[PDB]
Amino acid sequence: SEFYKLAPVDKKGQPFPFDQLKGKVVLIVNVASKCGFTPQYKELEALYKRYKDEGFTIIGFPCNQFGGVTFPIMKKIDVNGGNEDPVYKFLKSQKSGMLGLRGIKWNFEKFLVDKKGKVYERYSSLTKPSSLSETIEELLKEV
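Its PDB header names X-ray crystallography as the technique used to obtain the model and reports a resolution of 2.02 Å.

Here you go:
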C-alpha cells in the first residue's frame, strides 16, 4: 500500500518510516501545537496505553493551522494548503466527503488505518478517542 511508503519527519527531525507500522492498527491524529487541550491528550494516551500491546499505535501530528503522551509525536506540519504534508495528502485521498471541503476542519481529527494499511474511516474532531475503542477492537482481530 501507498501508506507504508510514507516517511514523515519525527519530533527529533528524523525519518519515521510507516513500513514499521505493518500489521498494526494505526490512529492518525492531528494535534494542537498550542497548549490548553489536556483532556484530548489524556484520552489519546489512555487509548494508547490500553491497546498498544495488541498491535496498535497513535501517530500525532502537531499543527498550528487552527488558532505529555508516550505515543509517537512527529515534527510540526501543515495538514492543509499548498504545503500540506504527504501523509495528509494520502489520507484525504482515501477518506473525504463526496462533495465540499476535503481539508481538516479543526484540531484532533482522526484517521483509523488497517493492519494491511488501508484507511478504514475518518472521524471528526468532536468524536472522543474512547468512542473508537470498539472499532479499534474489530480491526485488531482482523484475519
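Caption draft 1: Fine view of the nonpolar core. If you look at the biggest cluster of nonpolar residues, it comprises 23 residues, and the most contacted ones within it are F3, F18, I28, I59, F61 and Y88. Going through the elements one at a time, strand 1 (25–32), strand 2 (56–63), helix 2 (86–94) and strand 3 (110–113) are the ones with two or more residues in this core. Top contributing element to this core by residue count: helix 2, with four residues. For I59, the contacting residues outside a window of four places in its chain are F16, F18, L21, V26, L27, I28, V29, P72 and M74.

Caption draft 2: Expanded view of the pairing of strand 3. Across the two faces of strand 3 the burial is the same, with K110 and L112 and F111 and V113 all buried. The pairing of strand 1 with strand 3 spans four bridges and is classified as antiparallel. The partner of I28 across the bridge, within strand 3, is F111. As paired elements, strand 3 and strand 4 (residues 119–123) share four bridges and run antiparallel to each other. The residue of strand 4 that forms the bridge with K110 is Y123. Here strand 3 folds back onto strand 4, and the loop between the two strands holds five residues, one of which, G117, carries a positive phi near 95°.

Rules used throughout
- Residues numbered from 1 in each chain as written, not as in the entry; some residues may be left out.
- Heavy atoms only, no water.
- Core = buried A, V, L, I, M, F, W, Y, C linked by side-chain atoms within 4.5 Å.
- Buried < 20%, exposed > 50% of the residue type's maximum accessible area, 1.4 Å probe, protein only.
- Helix = DSSP H or I, 4+ residues; strand = E, 2+ residues; numbered from the N terminus.
- Contact = heavy atoms within 4.5 Å.
- Pairing = 2+ DSSP bridges.

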